[PDB]
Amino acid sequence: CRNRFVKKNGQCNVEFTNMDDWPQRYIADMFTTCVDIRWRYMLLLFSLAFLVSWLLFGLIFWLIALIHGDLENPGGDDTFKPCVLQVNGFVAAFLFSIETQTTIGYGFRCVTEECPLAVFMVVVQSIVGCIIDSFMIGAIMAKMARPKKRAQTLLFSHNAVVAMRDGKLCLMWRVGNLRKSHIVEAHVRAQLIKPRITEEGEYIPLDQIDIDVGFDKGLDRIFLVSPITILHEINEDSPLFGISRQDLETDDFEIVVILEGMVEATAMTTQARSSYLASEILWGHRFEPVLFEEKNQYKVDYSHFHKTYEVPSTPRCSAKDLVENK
């Protein structure tokens, strides 16, 4: 049995290789790179930026003082005023660099009127400070706000099922929202993933074949409050048209389900994903209800969410047979 293109948790199961021009591409797309790495690397990357700027200006300030001879008389006196009060060592230069760029500015170490190069540096570093701060806030806010994380509160059922609804034979998976905050402009997709050879003898290692779930009358758009059971009507235009309970129980393919919507707070699109191998599809089954009424409101019991119950009355032939007979 051929292994799965996307895992049940939604993760895609492909490795890329021989992209060999990538680090220049990742550099040109640096932000996308940057917000996708691990917090700890993004953070210490920003830490390096601070250290580097702090050392650099510390060093410049130290030079200025070393050369102005302030290391000898740091506090000044009548008839000698240093560039920056109280920079005596390099530690004291670095302290001043930190205190200025952070804008902590304790004051013991302090710029003077004397050297306009000392002043110019405090000006440059103030601006450099803002710049870096700004990159950081931006990076952190972006990373913080990533809507992929919202998929963790959207749930696909563990199994698909096939079964009859209103005279038609249908593939059915279920989706639900685990928060009271909505999924705006929510809509849904599906695809059949098997390899195939064309009549022109072309080999497609994994062709993706649409699994119509209502796009053409906008019935793929959903208003997901309580769980919805999605329906693919298996008919002449479906790629399960001629697939019967028998075929399925020996067949080798994958169904990929996608729910896309906007996280309500940020209106940023999330993409939730899951998958169903042929072997995870329960022919002749139906989902137990979760929605039931109460005096004032309805309620959804999420225990039953994944649970199916068998409908032995269900045809076992393909939907094609089922028409080529009737």
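All residue numbers are counted from 1 along the displayed sequence.
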Output the stretch having the higher mean C-alpha B factor in the entry; the candidates are 109 to 117 and 127 to 135. 109 to 117
Stretch with higher mean Cα temperature factor, 266 to 274 vs 55 to 63, is 55 to 63
In terms of recorded Cα temperature factor, pick the maximum from 90, 223, 156, 96. 90
Specify which of 142, 188, 164, 84 carries the largest Cα B factor in the deposited PDB entry. 164
Third of the chain, ranked by Cα B-factor, where residue 39 sits: lowest
Would the CA B-factor of residue 294 place it in the lowest, middle or highest third of its chain? highest
Select lowest, middle or highest to describe the third in which the CA B-factor of residue 75 falls within its chain in this entry. middle
Mind checking which third residue 26 falls in for C-alpha B-factor across the chain? middle
Can you tell me whether residue 101 has a C-alpha B-factor in the lowest, middle or highest third compared with the other modelled residues of the same chain? lowest
